[PDB]
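# A structural walkthrough
Residues per chain are reported as follows:
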Amino acid sequence: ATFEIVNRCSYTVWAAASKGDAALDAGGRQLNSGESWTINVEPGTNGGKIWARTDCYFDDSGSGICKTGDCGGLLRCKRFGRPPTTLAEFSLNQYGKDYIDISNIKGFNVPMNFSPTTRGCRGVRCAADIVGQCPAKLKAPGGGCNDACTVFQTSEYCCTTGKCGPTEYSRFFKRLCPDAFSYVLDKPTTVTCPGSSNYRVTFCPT
């Protein structure tokens with residue numbers, strides 16, 4: 001499957017792609033404003049994610065830091081990134097179908113559209129100014145808008161009992177972005193696409 005990752009932001013982002021225990025394709029790449037990166041993701045990939053990282057510094061060997069979404073200090077991510085991170089999430093060729101969503105469960109850093117480039121399903125988008133509107137207690141000093149689990153580490157915000165409800169914080173993410181997961185047990189906003197669809201993730205779509 002082909003994913004075109006496009007940076008429409010006015011600022012540089014360092015794209016990342018991982019399934020948590022391994023890189024997808026090269027795992028990460030710097031994208032200046034307007035740059036695109038086409039990656040290939042193996043069919044059957046389960047639990048893949050793509051995200052943006054901001055304000056990164058890397059040395060010649062690809063080691064360094066990012067202010068949002070840092071993945072163990074690597075340019076070429078092999079694991080998931082440090083919140084806050086708006087997440088494009090996908091599982092491919094799962095009983096003949098693909099499943100896509102955007103999630104704010106790990107906070108929000110950069111606005112995103114995640115759309116098929118092939119027929120048979122719709123895209124999802126979270127492009128509201130969540131960082132600008134972020135509740136004071138969720139603001140990350142390193143940049144971005146933290147989820148409440150990251151901030152407070154409670155069973156209710158983290159849904160670690162499998163019994164949690166919406167919260168004042170999850171409702172903020174949901175109000176700004178109805179089409180993205182706002183907490184672990186949110187009513188799903190997952191889209192079902194034909195198996196072996198192709199996609200585009202656009203940072204700062206609007």
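Residues numbered from 1 in each chain as written, not as in the entry; some residues may be left out. Heavy atoms only, no water. Residues with missing side-chain atoms left out of burial classes, pairs and counts.

For this deposited structure, the header cites X-ray crystallography as the method used and 1.60 Å as the resolution.

As named in the PDB entry, the protein chain is Thaumatin I, taken from Thaumatococcus daniellii. For this entry, the PDB title field holds "1.6 A Structure of Thaumatin Crystallized without Tartrate at 4 C". As recorded by UniProt, the Function comment attached to the protein chain reads in full: "Taste-modifying protein; intensely sweet-tasting. It is 100000 times sweeter than sucrose on a molar basis." The Sequence similarities comment attached to the protein chain in UniProt states, word for word, "Belongs to the thaumatin family." (UniProt positions renumbered as here; feature names shortened; annotations may be inferred.)

### Considering the pairing of strand β9 (residues 97-103)
One face of the sheet, then the other: side chains in a regular strand alternate in exactly this way. Along β9, 5 of the 7 residues are buried, which leaves the element largely enclosed by surrounding structure. For strand β8 (residues 87-94) and β9, the ladder comprises 6 bridges, and the chain directions are antiparallel. Directly across from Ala 88, in β9, lies its bridge partner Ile 102. Hairpin connection, β8 to β9: the antiparallel pair is bridged by 2 residues, and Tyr 95 has positive phi, about 50°. Of the pairings in the sheet, the one linking β9 to strand β12 (residues 191-194) comprises 4 bridges and is antiparallel in character. Bridging across to β12, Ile 100 finds its partner in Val 191. (Buried < 20%, exposed > 50% of the residue type's maximum accessible area, 1.4 Å probe, protein only. Helix = DSSP H or I, 4+ residues; strand = E, 2+ residues; numbered from the N terminus. Pairing = 2+ DSSP bridges.)

### Section: the side chain of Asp 101
Within the secondary structure layout, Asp 101 lies in strand β9. Here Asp 101 sits buried without a salt bridge, and the closest side chain of opposite charge, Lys 49, lies 6.9 Å off (N-O distance). Not counting chain neighbours up to four residues away, the residues in contact with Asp 101 comprise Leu 87, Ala 88, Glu 89, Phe 114, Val 124, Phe 181, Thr 189 and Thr 190. (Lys, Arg positive; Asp, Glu negative; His and termini not counted. Salt bridge = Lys/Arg side-chain N within 4 Å of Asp/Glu carboxyl O. Contact = heavy atoms within 4.5 Å.)

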